[PDB]
Every structure is written in structure tokens, then in C-alpha cells.
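this one is an experimental structure. Sequence first:
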Amino acid sequence: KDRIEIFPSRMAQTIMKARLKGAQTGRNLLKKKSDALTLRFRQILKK
Amino acid sequence: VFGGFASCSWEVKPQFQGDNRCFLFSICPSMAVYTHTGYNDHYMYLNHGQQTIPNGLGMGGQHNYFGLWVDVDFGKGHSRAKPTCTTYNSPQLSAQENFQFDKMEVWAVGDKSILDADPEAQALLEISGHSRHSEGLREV
Amino acid sequence: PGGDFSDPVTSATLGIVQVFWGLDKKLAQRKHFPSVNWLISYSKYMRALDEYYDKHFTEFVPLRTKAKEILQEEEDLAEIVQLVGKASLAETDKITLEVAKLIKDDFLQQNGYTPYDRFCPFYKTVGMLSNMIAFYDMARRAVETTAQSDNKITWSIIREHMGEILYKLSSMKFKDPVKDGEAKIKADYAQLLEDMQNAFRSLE
Amino acid sequence: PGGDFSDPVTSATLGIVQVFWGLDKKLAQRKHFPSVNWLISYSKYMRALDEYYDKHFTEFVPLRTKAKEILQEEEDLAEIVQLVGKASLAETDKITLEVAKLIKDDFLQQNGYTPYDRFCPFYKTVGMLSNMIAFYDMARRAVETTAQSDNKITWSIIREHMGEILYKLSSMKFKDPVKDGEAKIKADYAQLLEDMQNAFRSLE
Amino acid sequence: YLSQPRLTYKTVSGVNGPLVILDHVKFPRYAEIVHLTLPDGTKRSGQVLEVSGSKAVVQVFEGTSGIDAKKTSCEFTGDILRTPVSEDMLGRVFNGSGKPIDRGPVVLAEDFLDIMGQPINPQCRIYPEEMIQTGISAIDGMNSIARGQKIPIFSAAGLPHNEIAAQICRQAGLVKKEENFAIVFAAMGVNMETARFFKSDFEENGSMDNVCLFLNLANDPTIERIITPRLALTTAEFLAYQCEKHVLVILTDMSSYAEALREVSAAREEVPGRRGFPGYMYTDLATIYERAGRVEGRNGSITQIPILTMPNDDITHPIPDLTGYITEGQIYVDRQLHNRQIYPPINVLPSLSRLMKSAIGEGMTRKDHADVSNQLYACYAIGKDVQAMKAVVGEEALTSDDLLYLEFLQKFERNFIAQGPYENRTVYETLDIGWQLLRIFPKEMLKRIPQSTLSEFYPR
Amino acid sequence: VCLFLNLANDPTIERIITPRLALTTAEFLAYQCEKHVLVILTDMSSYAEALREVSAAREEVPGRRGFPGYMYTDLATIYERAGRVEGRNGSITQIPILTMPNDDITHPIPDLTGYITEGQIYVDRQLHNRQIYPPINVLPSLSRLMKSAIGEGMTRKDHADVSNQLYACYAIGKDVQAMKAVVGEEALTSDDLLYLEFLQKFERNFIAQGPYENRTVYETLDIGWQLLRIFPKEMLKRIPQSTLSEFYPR
Amino acid sequence: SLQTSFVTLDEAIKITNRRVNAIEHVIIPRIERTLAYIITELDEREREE
């Protein structure tokens, strides 16, 4: 639960830097997709 | 050749469903029809992947003692109405106690997938490290 | 050293020994003892003890395959409850989350420096394992028989009416195998079965 | 060791060579064959070849500038096309996902044992892109001048109406460059252009 | 011949771990076997690791306890390590050094071959163009082995990769549609429970008359494990390239070979490369593996199945990363299939054999082999996606076509992958098991299978 | 009190002999003077950085994180000079003090100390920022001599059962708190708004003390049962029936 | 029609959030802590070499 099983090497450093970076791009969608849905959600309460 | 008729729709539920118009018949050994006797209302049955009650299609009798049963391991079943049946007064339909079949027909009388359902879960599955196992193997 | 299981004394031992059980990854610094670690734990004498098991205990090996099936299915589901959160769980799987919580806290976890658990005889282990796998079969019928129509017995309804019985399943480890008898412990395990069987006849 | 630019052999080759025909393993199970990536693959012989293309072929550099761009605007759409899914989208983007799809199955698609795709002559190679870029710019000029006036259209009124145009634009890769004549292939791509200039004048 | 008598030096000038150096040695060879005599009367054996002028160091195999600088005589044979090789050693059991441990005689040699061998001419090597059937459905149905291939079985510590190997040793054979087929089983660094199992399995089933067994235990010295896979291949390179048989070599626990090659090289104070293993390990694994394949002119072939253990299930370890650089596939014994009690627990999704196209088809097995295999691989790939997605999204999102890829997935893991360790299926009854599993789907849904073979084999 | 002070500008290789000069006084005052001794060895991290220093320029084979090979038996030279002996009425109780660098319990100084000493007391940074004194994380803390030093006839009947239950409620409600960060405050059952109730009352009424409270061993337990009345009787699954029938209802 | 588009956007927001928080507090910290162990254990393999 505390580490993803891989062993320390130079290649396995770039893959867990890409998977972290490939997760921060997913959260950046979902951080603003929720607020874009919250942008319509206030207007229904403003209706 | 044997089988049965269902009076209402089939619906996947543990309870015994159906009413008194459901009957069993026979064709190729002999031609006879067995209507209901009303001793019990254990008419139809349909269960789809549980572990404490049987999984398959069944008509007549009770649990594990059906008068006609088709199992989930397809191409198998039984008609264990050894003296006769209880709901239908119907005999052992097959030649053996537990038959095996290759042809089945279901005829009505009168009148996307889970892989493409959630686009956020396929986004969360790829983020959590779990792969896809199949690109270029399925259609769209 | 350091709670990491890729140290060169473990992976050198894995290629030598025949039985091996190791503590968990999460439960190494915090004491939850014993744990299992299914990624390296094994015993290659599981096939070499089946002539003994059917002779003297004769119903333990059907219990062990289900007791390994509840635990190997909760490790699948614990990653998804940490990600979804009990929402994509039909009620037949919310039981397997909870008998595996009941086995890893009461059956597997053994306080070896108490006088009532420093030695657990093998009838008491099977007696403790019989009463939980009987409970898992009586719970998972109480959900699956009332499922699609109303009176949907969930796992939630099972906890409110049988709150005193799941403590008594957690009370099966407090039996002392010397102060109590051998057929006194077995005379108090079957009464838990006859109250477990009478606790689902009130539900159906 | 599994497709990276972290090892000292792959990263110290790309500091020396000029062409990188960059291939990946993810883009291989599409049965695409080659496994071309066209995002990390480059060629730095575009400035040296600005004299061969402008003298002998005199048309190709602006089509090559556009065709690398249409396959790039598809990428920054395709993450939202997966997550959101084509629901509230502009109609100039639906061109650069359907014309862009026409490139990725009829221009960058190969199969090496076939009697049409073991040799691709270059005059037929620029002959296929001479029609595909013209269909892109005429779909763009249609959707931008008919965006405000009267009877505004989308893409889904064209591809149903011009389904027989999208068959001739998809049967360019299946014309055999080996049996057919040298000038038997350019006239077919010059007769098709008047089935692409007249066809848009059947909708407006 | 060798007529000159051998010098028995007593000039031991230093002991350092397993190494003994000498002095006043007259013209010492490289890798020349010496025969030490201890003071208490016992004998050992060694090998010369470095000469320098009149001084040679000696790597003693069996240990170094008792070797003093006064009374131990080293007798220099003047010859490299050559092993006695015969055709009637099919049916014997030798240890890691060539000594027989089946209570039998020492082998009467036909010709003393050298255990380093010779490199095979690439101008005299032929592509593997038939099949070794192995009895296991997941290795013959979907990952078919060509005669002359090198396909490692990757595994982990605790998985049944010994019972798999012993099942392959009993059920290997041609794809008959047998006097020139033989197994050479080498076990390096096994514990005592495994090498009694390998000995009590090949007499209990009568499959001994074609198997040579080179056992090498963990309590045995670490240098015998180095020279064990060069005895098993020199026996194999004799049986196929001189006696014209089809040999299958099984090298159980090749990860313990790389644990000994690290132990020998650390004794010589040499430089370590990636993760402690020597620099020369890529050319030392390929010294073993590349003694395989069919040749031109002879009518024999050598197939190799090495067997590894990935430490902590990390495929990126240098023993699997470098054996996937020289060989031609994987098998991937999986843990998640073992924990649900399936035998053999073979993960067909990461397993591959790069030479499957030249082992199947008309004349080899049957003309439907290449299309059943990659269709079962597609309905097992989709089935592993459905159950991965139905746990995260919920149970009520499954349509009726979607449950069908789970009826396959359960019946694939019970009728195709589940075998039982004494059930020997030929290839004609792996595909007839595989064809009644493809009839779970209707005809319109099998899109990986062509129509010209769907209209011959599918309807029953 | 007998103070051996090696300050920060005092020379480094005196720190090799400073815990040896202090413990030899202790083993004199306990085994020859029959006194009870409490030995306080603060910043044992500054022992090993002055031992790594002397082995660097000596150029031995370095071990884990550059610390020398013989670091286990060297801290075992120091920590093992403790305990009682037969026929002498004195004792040495040892409390060294460490600093884990970057709060890593898997550094070679707390991981090799935890293999020699009998339990450890963990001081964590997260409870320090939340103004808790003392900030003691009981989840990785341990006393390997607690099991035979408590019980009936030493402290009280229910000591060993309360601490095993106060462990399991803090260890569970720290997992529900990490489940509250995913599914939010709303999707929590009513027997899991009890485990978050415990953590607000465990680390303020039991852990958080104030530097001048002399809380007895009975006053600690009587705090520990009013935290175990947070739950109903049928969830204290680590406490048997013989002790729950007497100590729970008050 | 306005109170029936409320309870569709009231359920779709309360799932996305449990999925932004399931990355912020579960997935991304686990990928960061294995990064802080690769830069540590490879400092060790440079030091022994």
C-alpha cells in the first residue's frame, strides 16, 4: 500500500515520473470538469 | 424432445414465479401435456450466478428436485420427477436421470457494453496502474 | 531491516525453505500479529498432508479452501473500496468484506503471550473455523434468497439484529484449552452454532 | 529496455542522428503495421530537401505542413473525446477527427505482403495527399462561411450525402501501383478532384 | 597422446577463501584441472583461474577446510575440463560434477568432449520448422514450442514450476500423425525435497529410458552449479549433433546459476555490473542458451526450456531482463492463478513464443491451430477487462453480451488451463478442447477466425 | 545527577567514549553501590555520525547508508549495558534519545536501535503541529517488557485488556479518516462516526497531558475506560467477558 | 424539467469529486512515495559502487 512494486533503477524512475505526470493530467481534467458541472449547477439553483 | 411453456415473462429472481397456465409437454418419446395440479406454485425459476441456491432454469418440483432443469454449465440438466412431478403431475421427461443436450429452442408466442459504459472508470483504471489487456482486439 | 521485504536475506531464504509465512507490508511497524503477505507466503506441504487431514479431522480441507477464498477475494476488493468506496458492491460482496475482517481480527490474529492463546490445539482451530464458515454460508443465503424482491436483507440489517452474535464469534478465541475441557470447548462451540442457526430463522 | 529515452544508448543516438523513425509498442496491436508513432518521430532533413520538393514537386511542402498538423490537432482533442465524448463539440473539430481518421487508415496504414503496399511510388504518394488535404480545406471553407448566414450545416449532413465520395477517397490505397500504368494513377487522382470539386457544389 | 607424467607440487604459497595460489609452477595452463590431496588423506579438485609467470591460483571446488601451506599436494593434470560423454547415459543420474549418484558405474566414454563446447556456425543453422508437443494445453495450444527454440518459463518462489517441469519431462514428445527423442534434465541448486521429487518421479512413471538427470543440490559446492549447465548441454550437443536425436533441455532454477556466477566472481574480487551480477553475464547466459537450434546436415535439434525465478515478481531483474534478450518468448507462471488453485497457473496474457508461426499449420498439427489460438487469446483478454471493470463500476451495468465474456473466462480457466499433473493431452485434444470453448460464442462474434475455417470446424 | 556534557563545539571523536564514560559510572553505581540508575543518552544520532567519521578516513568497508559495518554490535555494546543482576539490588534503566533524519523510521539509526532495545517510544511530527504534548504516536510504539510487567498483582486486572483495545480503536479510526478523504463525510455508517469520535477524544483526553501532570497508573486506566464507553459493549472485541462485566458499566 | 436536471447534476458531481479525491489522497501519493524510494535506493547503489 505504501509503494508500488518495482525495483529501483534508472528506467523505473522515468516510468514512475511519467505515471505521476500521467495522473496529474487526469486530475487536471477532473478538477475542472467538476467545476464546469458546478458552473451549470449554480445556474439551476439560480433558476 | 421435451420442454415447457412459461405463462408470464422470465425474470431473474430467486423466488418461484409464474401461475397456473405454465405446463410441461413431450414430443419425440410420446406426445402428452401436463397442466398444473396446484399442490404447490413452484412454477418457474431463473437464477444467474449465486452460490447458495441453484443457478439455471427450472420448472416444477422444488430446489434441486425440478421436473425440468437446465443448468448454467450449458448442455446439461435433469428431470428428477422420479414417480411423477408435484406441480405438474409430469413424469421423468428424459431417458436418463441427468441428460445432456445439444439443441435448445425458446419460442415466444404471440406478442452498450460495460467496457464503454463509464469513461471515467477507464480513466481511473489507467491512472491506478491497471492496464487494458486488449486494444486492437475489440471493436468500437 | 527497515520493513522492506526485498532484503537479501529473505530472497535468499525463499529459494531454500519449504514453508514460509511473512508479515504484511502495511502491518509491519504497527503490530497486528500475525499477518499473511500472500505475495510470498506459501507452504509446499499442503498436498503432503491430505491423507492426515481426511483421517483425523475429515472436514477441515473443505473449510480451508473457503477460508482462503474469503481472504483472497477481500484483497481484490480492498483496493477497490480504497478507490470506489463500497458503492459498486452488491450485498453478497459486503459480507466477504466482513468475514475477512472477522477472520483477520479473531482467527488469524493470535495474542501469543496470553495464557488462553499461547497454544491453540488443532480441534480448537477447526472449531473456530467451522463456526465462521457456517456463518458465511448462513449470511450469504440470507441475502441471496431475499434479493430481487422486497425484504432485501442487506449486510446492514444483519449487523443490527445479530450484534451480540458477532461478538460471540469474536469470543471464540478467549477459550482456554486447559481450564476448559476439550469436549467442553466443543460443547460451547455447537451452542454458538445453534444460536447462529436460530438467528437467521428470526430473519427469514 | 522497453521503449525509453533514459538508457545511455537510445538517448546518445538521438543526439547524433538526424532522422528518428520512432516506433512504439502501444501502437502495435492495432494491426496497423508499421508501428509509427508520429509524435516522437522526427526528420531534420526538411531544410535540405526544400530544393528537391520545390523544383521537382513544387506543391508538397504546404501539404506536408498541413498533414502533420491535422494529425496533431486530433491528439489534443482525443483526450477530451475519450472523457467527455463528442457531446457538445464545435463542428470544425468534427472535420479534423473524420478527415484525420481518413489519413490514419488510408495514408499512414500499410500491410507489407500485399500486391499494392510493398512499393509506394512518390508521385502516387503526393497524389493521394493532393486529394485528402483538398477535402479538408473545402470542408473547412464550407463550415466557416455557412456558420452564420442561413441553413447552417454540420458534418453529419455531408458524410451521409457524400458517402460515395468517401469511397473513392478511401480506395486510393487499394489501387495497385505495380499492374497499373505510370499515368494510369494520376489521372484517376485528377478525375477524382472534379468528383470533389463538383460534389461540394451539390450541397450548396 | 598425453605421455608426460604430471607434477605434484607441494608449494602452496597462500590460501584465501576458496582460492589457493601456488609457486614454482612450471608452465601452467589456463582453466587446467588440478587434483588436490589434503593432509588427512582426503582429495579435492580445482581449476586454475590465473597464471602469472611461475605462479598459478587454483579455485578449489569442494571447499578449503584443512588446506595448509605445508602438506597439501596439488597435482597438475595439464588438460582442461573434459567430460566423459556416451549415448548410454540416457537413463542415469549424475551429480553436478559428472559423478554418478544412481549407485552405478562411472560412464564408459565414447569421446571426451570439452564442456565449453564450440560456437555453432550461423551459416550452418536452420530455422525451427516443426513442434515439440509437451502435454500442457497452455504451452501447446497457445504458446507452441518449435524444435530448436529457447523459451524460458518465468516463475516466482512458491509457484509450481517444478511440477510443471517434471510434467514436461514425462509428457514431451513429437506431434505424431520416438527412439530419437530424449530429455536432458539439469537441476541447479535445488533443495533436497525437489531432487528427491525429480528422482522419484522418473522411476514412478517409467519415463527414465530417455532422460539424463544432472542433480545439483544447495548443500553441494557453488562451483559444481557453474559447470552443471555445461554438462547438460555437452550431453545434449552430442545426442542431437552426433547421434541425431531431438533433445529437450530443462534447466531448473537458472536464477541460482546467476547466484553462483555472482559468487564465483566475487571470490576473484572482480567488478560487479548491474545489481552485483558480473559485467560478463550477458555473454555468459548466451554461452548456455545459444547452444541450441537445428543445424544443416545433421538430423537432430536441441530445444531449451530454462526456468527462472523472478525475485519478488519483478520482471525487470537482470536475470529475466537478460534472458529475454537472448531467448524467444516467455511462459509466466502466475501467482494470482496459483492462489485460486489452478494447475498449471500459466498467464497467457504476457506469455509469448516468437517462433509460433513455424510450429503449427498443415503438416505440423492442423490447419486451424493459428486461428483458434489467437481467438481464445482475444476472448481471454476481453474477459479479463470485463471483470476488471465490473469491480470498479458495479454489477448492474453488464449487458447480456457482456456476461458472455465471463462465461468464457470461467470455462477457459477450468477446461483449458486446468489440467491435472498426470493428464497428458496431445495437441489434437487441446484444440478439440479449444473448439468446444469457442462454441460458447455465436458465429457472428468470432471475428478473429476466418469464414473458410469457420465453415469446416465450428458447427457440431 | 551526574552530567557528561559534550556540546556541539566539543570535539567529535570524544563522542565515541562519552556514552561509555557515562554507562561505566552507571554500572558502578548500580552493581557496586546498589542504587537504581536512569541513564539518559540524548542524540544517539551524534554517536554514529562521529563513528561514521572515524571509519571513513580509516577506509573500512561501508555498510548501509555509509555507516560502518560494525554499527550493530557497537550500539549493542552500549544499549546492552542495562538490566538487573542476581544478588545485587540495583538496576539500570536506559532511555536513549534519537533523531531520525527526515522522520524516516527505516533509517539505519532507528532500525538498528529497534533490533537491540526492547520496544521504542515514537515521537511524531504530525501531532506536534496539532499542539499535542506529548506527541506520541502509539501505532509504531512498543514496549517488549510490558506483557509481563502488568496484570493482576502488579497494577490491576484489566490493564492488559484496555491497552489492547485502545490500540485497536486508534488503529481503526485512523483508517476511517483516510476513507473519509475519499468518499467524504456523508457516506459513513453510524458505527464509523464512532471511530472518528474516538480520535478526537483519544489524542486530547488520553495522549495530551501537559508537562506537569503526574498521572498515576490508575488515573490513566480510568481515563481509558471512559474512552471505551464511547462504543457499545458489543464492539470491544479485544476484551473478554470476564473483564467487560465488571469494568465497563459505570 | 428544472428539478429533474438538478438531481442528475447532483449525483454526477458527487461521483467526480470522490474521484478527484481518490487521486489526490490515494493514487498520486502512492506514486510519489515510490519516487522518493527510487531516488533513495539508487543513491545507495551509487555509493556502494
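Thanks, I have the structure now. Residues are numbered from 1 along each chain as shown, chains lettered A, B, ... in the order given.

what's opposite the residue nearest to the spatial centre of chain B in the beta bridge?
With distances taken as CA atoms, centre = their mean, residue B:57 lies nearest the centre of chain B, 2.0 Å away. Here residue B:57 sits in beta bridges with residue B:46, residue B:70, going by DSSP bridges.

how about residue E:95: what's its closest non-neighbour residue?
Leaving aside its sequence neighbours, residue E:95 sits nearest to residue E:101 (CB to CB, 6 or more residues apart in numbering or on different chains; 5.0 Å). For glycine as for every other residue, the C-beta is placed from the backbone atoms N, C-alpha and C.

for chain E, what's the longest strand?
Taking DSSP state E as the criterion, chain E has its longest strand at strand E:181-190.

at contact distance from chain C, anything in it?
Yes - contact of strand E:181-190 with chain C (CB under 8 Å from any CB of the partner chain) involves residue E:189.

which strands border that strand, and is each parallel or antiparallel?
strand E:211-217 (parallel), strand E:246-252 (parallel).

can I get it as CSV, trimmed to CA atoms?
Taking C-alpha atoms only, strand E:181-190 is exported to CSV below (Å, rounded to 0.1, in the frame of the first residue of the first chain):
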residue,chain,number,x,y,z
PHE,E,181,13.8,-38.2,-28.7
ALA,E,182,15.5,-37.5,-25.4
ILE,E,183,15.3,-35.2,-22.4
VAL,E,184,18.3,-33.8,-20.5
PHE,E,185,17.1,-32.5,-17.2
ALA,E,186,19.5,-30.3,-15.2
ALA,E,187,18.6,-29.1,-11.7
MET,E,188,20.9,-26.4,-10.3
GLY,E,189,20.7,-25.5,-6.7
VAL,E,190,17.5,-27.4,-5.8
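
spell out which residues of the stretch 351-460 of chain E are next to chain D.
Close to chain D, as judged by CB under 8 Å from any CB, the stretch 351-460 of chain E has no residues.

enumerate the residues of the stretch 351-460 of chain E near chain B.
Proximity of the stretch 351-460 of chain E to chain B, by CB under 8 Å from any CB, involves residues E:378, E:381-382, E:384-386, E:388-390, E:392-393, E:397-399, E:401-403, E:440, E:447-448, E:460.

drop anything exposed from these.
Among these, those scoring as buried are E:378, E:381-382, E:384-386, E:388-390, E:392-393, E:397-398, E:402, E:448 (criterion: 16 or more other CB atoms under 10 Å in any protein chain shown).

nearest to residue D:8 among the residues you listed?
Nearest to residue D:8 among those: residue E:381, at 35.1 Å, using CB to CB.

let me know the helix or strand that the closest one is in.
Using DSSP states H and E, residue E:381 sits within helix E:369-393.

need the next SSE after that helix, C-terminal direction.
Under the assignment DSSP H and E, the closest C-terminal helix or strand after helix E:369-393 is helix E:404-415.

buried sites along that following helix?
By neighbour count on 16+ other CB under 10 Å, the buried set for helix E:404-415 is E:404-409, E:411-413.

orientation of it relative to helix E:369-393 in degrees?
Here helix E:404-415 runs at an angle of 120 degrees relative to helix E:369-393 (axes from the mean of the first three to the mean of the last three CA atoms, to 10 degrees).

and residue E:302, helix, strand or coil?
Following DSSP: H, G, I helix; E, B strand; the rest coil, the label given to residue E:302 is strand.

quick one: contacts for residue E:305?
When contacts are counted by CB atoms under 8 Å, 6 or more residues apart in numbering or on different chains, residue E:305 touches E:145, E:150-153, E:165, E:168, E:248-251.

do the same with residue E:24
By CB under 8 Å, 6+ apart, residue E:24 lies in contact with E:9, E:11, E:54.

switch the cut-off to 10 Å
E:7, E:9-11, E:13, E:54-55 (CB atoms under 10 Å, 6 or more residues apart in numbering or on different chains).

narrow these to those that are buried.
By neighbour count, with 16+ other CB under 10 Å, the contacts of residue E:24 hold E:7, E:9, E:55 as buried.

for these, which one is nearest chain C?
Nearest to chain C among the buried ones among the contacts of residue E:24: residue E:55, at 34.6 Å, using CB to the nearest CB.

how about that closest one: what's its closest non-neighbour residue?
Leaving aside its chain neighbours, residue E:55 sits nearest to residue E:23 (5.5 Å; criterion: CB to CB, 6+ apart).

wait, that neighbour touches residue E:51, no?
No - the criterion here is CB atoms under 10 Å, and residue E:23 misses it with residue E:51 at 11.7 Å.

follow-up on the earlier one: which helices and strands does the helix holding residue E:381 pack with?
On a contact count with 3 or more CB pairs under 10 Å, 6 or more residues apart in numbering or on different chains; DSSP states H and E, helix E:369-393 meets helix B:121-127, helix C:61-81, helix E:404-415, helix E:428-438, helix E:451-457.

need the contact partners of the next helix or strand after the longest one.
Stepping forward along the backbone from helix C:61-81, the first helix or strand reached (DSSP H and E) is helix C:96-102. By CB under 10 Å, 6+ apart, the residues outside helix C:96-102 that reach it are C:66-67, C:69-78, C:81, C:86, C:89, C:95, C:107-108, C:132-133, C:135-136, C:139-140, C:155, C:158-159, C:166, C:169-170, F:172, F:237.

what of stretch E:440-458?
So stretch E:440-458 is contacted by B:74, B:137-139, E:366-368, E:370-379, E:401, E:404-405, E:407-408, E:411-412, E:431-432, E:435, E:438-439, E:459 (CB under 10 Å, 6+ apart).

OK, contacts around the residue of chain A found nearest chain F?
Going by CB to the nearest CB, chain F is nearest to residue A:1 of chain A, at 10.2 Å. Residue A:1 makes contact with C:24-27, C:78-79, C:82, G:26, G:30, G:33, according to CB under 10 Å, 6+ apart.

out of those, which are close to chain A?
Applying CB under 10 Å from any CB of the partner chain to those, one finds that C:24-27, C:78-79, C:82, G:26, G:30, G:33 fall near chain A.

how about a markdown table for those, with distance to chain D and neighbour count added?
Below are the ones next to chain A among the contacts of residue A:1 laid out as a markdown table (distance: CB to the nearest CB, whole Å; neighbours: other CB atoms under 10 Å in any protein chain shown):
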| residue | distance to chain D | neighbour count |
| --- | --- | --- |
| C:24 | 30 | 19 |
| C:25 | 26 | 16 |
| C:26 | 29 | 14 |
| C:27 | 33 | 18 |
| C:78 | 27 | 14 |
| C:79 | 23 | 16 |
| C:82 | 23 | 18 |
| G:26 | 20 | 18 |
| G:30 | 22 | 19 |
| G:33 | 21 | 14 |
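
and residue 24, how many neighbours?
Defaulting to chain A. 14 (other CB atoms under 10 Å in any protein chain shown).

to clarify, I was referring to chain G.
Applying other CB under 10 Å, we find 16 other residues in the vicinity of residue G:24.

ok, residue E:155 - contacts?
Contacts of residue E:155 (CB under 10 Å, 6+ apart): E:161-162, E:164-165, E:253, E:255, E:307-310, E:313, E:331-335, E:338, E:345-346.

are any of these buried, and which?
Neighbour-count burial (16+ other CB under 10 Å) applied to those gives E:161-162, E:164-165, E:253, E:255, E:307-310, E:313, E:331-335, E:338, E:345-346.

dihedrals phi and psi, the spatially most central residue of chain E?
The structure's chain E has its C-alpha centroid closest to residue E:306; by CA atoms, centre = their mean the separation is 2.3 Å. Backbone geometry at residue E:306, expressed as degrees, to the nearest 10, gives phi -70, psi 160.

now do the contacts for it.
E:150-154, E:186, E:229, E:249-255, E:257, E:285, E:288-289, E:319, E:323, E:326-327.

partners of it in the sheet?
residue E:251.

from chain B, how far out is it?
26 Å (CB to the nearest CB, to the nearest Å).

quick one, what contacts residue A:45?
Residue A:45 neighbours (CB under 10 Å, 6+ apart): G:2, G:6, G:9.

first-to-last residue distance for stretch B:81-89?
9 Å (CA to CA, to the nearest Å).
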